[PDB]
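# no FASTA, just this:
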């Protein structure tokens, strides 16, 4: 009875974000590190954050 | 108690329904079929409002509140304490 509500069109509720499908097509599962795996610092010349 | 020029206008006829069954006056008011229906509906609504006020827990004129049901009930009927009294009073 207080008038507290949010209206939305039904046809607009069924339309998702057009960028969600783009993210799911450009993602991948992580690779569990092995024992004594070679780091990226021993294969190239890169920055310490990503070394 | 009539006005000094009222008596000649107090004739019979001009009813949509009822004839002379309800064709009379109560004081200044005119009664008919629709007068009876109005009295019934208004009295029922007022008494239901005061019943809801009694069950709410306050008789303060500023604080009496009878509210519609929740949005989850849709267009169906709600329990008389959770907003059905509002629907009855609206009718």
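Yes, it's here. Numbering: from 1, shown residues only, chains lettered A, B, ... in the order given.
# and residue B:25, backbone torsions?
phi -120, psi 150 (degrees, to the nearest 10).
# quick one, helices of the chain?
Assuming you mean chain A. Under the criterion DSSP state H, chain A contains helices at A:10-13, A:20-24.
# actually chain B
Going by DSSP H, chain B shows helices at B:33-56, B:85-90.
# now, of the helices of chain A, which is deepest in the fold?
helix A:20-24 (a mean of 9; mean count of other C-beta atoms under 10 Å in any protein chain shown). C-betas here are computed from N, CA, C, even on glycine.
# if you compare the helices of chain B, which one is most tucked away?
helix B:85-90 (a mean of 14).
# And the contacts of that one?
By C-beta atoms under 8 Å, 6 or more residues apart in numbering or on different chains, the surrounding residues in contact with helix B:85-90 are B:45, B:48-49, B:51-52, B:66-69, B:77-78, B:80.
# chain center to that helix: distance?
12 Å (C-alpha atoms, centre = their mean, to the nearest Å).
# Save the helices of chain A as JSON lines, and put in distance to residue B:61 too.
Below are the helices of chain A laid out as JSON lines (distance: least, C-beta to C-beta, whole Å):
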{"stretch": "helix A:10-13", "distance to residue B:61": "41"}
{"stretch": "helix A:20-24", "distance to residue B:61": "54"}
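# Was I right to think residue A:1 contacts residue B:65?
Yes: contact criterion C-beta atoms under 8 Å: residue A:1 and residue B:65 qualify, at 7.4 Å.
# Report the separation between residue B:62 and residue A:9.
The spacing between residue B:62 and residue A:9, counted by C-beta to C-beta, to the nearest Å, is 39 Å.
# cool, and residue B:83?
26 Å.
# Comparing those two, which shows the higher neighbour count?
residue B:83 (17 against 8; other C-beta atoms under 10 Å in any protein chain shown).
# Give me the nearest residue to the more buried one, chain neighbours excluded.
Leaving aside its chain neighbours, residue B:83 sits nearest to residue B:69 (3.1 Å; criterion: C-beta to C-beta, 6 or more residues apart in numbering or on different chains).
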